[PDB]
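One structure is given below, encoded as structure tokens.
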Amino acid sequence: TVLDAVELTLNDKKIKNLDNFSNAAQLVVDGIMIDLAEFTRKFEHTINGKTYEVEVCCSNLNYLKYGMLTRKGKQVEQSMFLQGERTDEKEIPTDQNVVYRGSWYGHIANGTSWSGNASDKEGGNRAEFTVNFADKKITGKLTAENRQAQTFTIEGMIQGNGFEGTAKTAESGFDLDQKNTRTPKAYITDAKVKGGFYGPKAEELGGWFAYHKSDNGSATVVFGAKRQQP
């Protein structure tokens, strides 16, 4: 409290608020509780007869967890989730040039689809943000696994312990495949980003978006990052 807790469903690109126990490490889905306790961890859990597959990040985050939730049985449904305990508004820094580094899970489509899971490796899904608290501005970029150019450009404004803004692909679109010839591209010109700063003194930040547009493409993303030393 206050606690962001969201699930993003991949099939219909929707965002739902989850019930919670004021605990980022406790995922409360379908009335039951899953403990999210190197970098990422992957596991299965059955409770009440229901089987869940969970991939969660990150070992180095203490106030924020994000990842993939797969409900299996008769129907395999895929979701992303993010949970974080917001930093008290009075504890929000006023510094400029604060760098946060982390990763993201993404699913991007337009006809055909691309997906990528969080990573702490060079060449993996990576996220980087620069927060200018005094300007109340956050900017950042998400880069897809095994891609040279950044994938999403993020810009937002900070209000209290949260931020909101936009995520967009390159103007020429995101190549869904690296086999180029004609290659399918996704164009995300206007995705609405929502996020927060988590933990004491905003040591962590995270956010999410779920976007779809005809003739352009769709994207479902959760990301998280940790404040870096100078």
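Observations on the structure shown:
- Considering 77, 91, 145, the condition of being surrounded by 18 or more Cβ atoms within 10 Å (Cβ to Cβ) and of a type in the set (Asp, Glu) is satisfied by 145 alone.
- Restricting attention to segment 22-66 and to residues that are on the phi > 0 side of the Ramachandran plot and in contact with a strand residue (DSSP E or B) (Cβ under 8 Å, 6 or more places away or on another chain), the residue that is surrounded by the fewest Cβ atoms within 10 Å (Cβ to Cβ) turns out to be 48.
- Considering 24, 37, the condition of being part of a loop (DSSP other than H, G, I, E, B) and closer than 18 Å to residue 105 by Cα is satisfied by 24 alone.
- Restricting segment 183-202 to residues that are closer than 15 Å to residue 163 by Cα and hydrophobic (A, V, I, L, M, F, W, C), the residue that is farthest from the chain's Cα centre (by Cα): 202
- Checked against the criteria, residue 17 counts as under 20 Å from residue 223 (Cα atoms), under 15 Å from the mean Cα position of the chain (by Cα) and not assigned by CATH to the domain that holds residue 129.
- Restricting segment 176-194 to residues that are of a type in the set (A, V, I, L, M) and assigned to a loop (DSSP other than H, G, I, E, B) leaves a set whose member that is surrounded by the most Cβ atoms within 10 Å (Cβ to Cβ) is 188.
- Restricting 100, 63 to those that are out of contact with any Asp or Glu (no Cβ under 6 Å at 6 or more places or on another chain) and of a type outside the set (A, V, I, L, M, F, W, C) reduces the list to 100.
- Note on segment 1-18: among residues that are charged (D, E, K, R) and surrounded by fewer than 19 Cβ atoms within 10 Å (Cβ to Cβ), the one that is farthest from residue 56 (Cα to Cα) is 12.
All of this is worked out from the model, or read from it or from the source named; no laboratory read-out is quoted. Here Cβ is always computed from backbone atoms with ideal geometry, including for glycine, and neighbour counts include all displayed protein chains.
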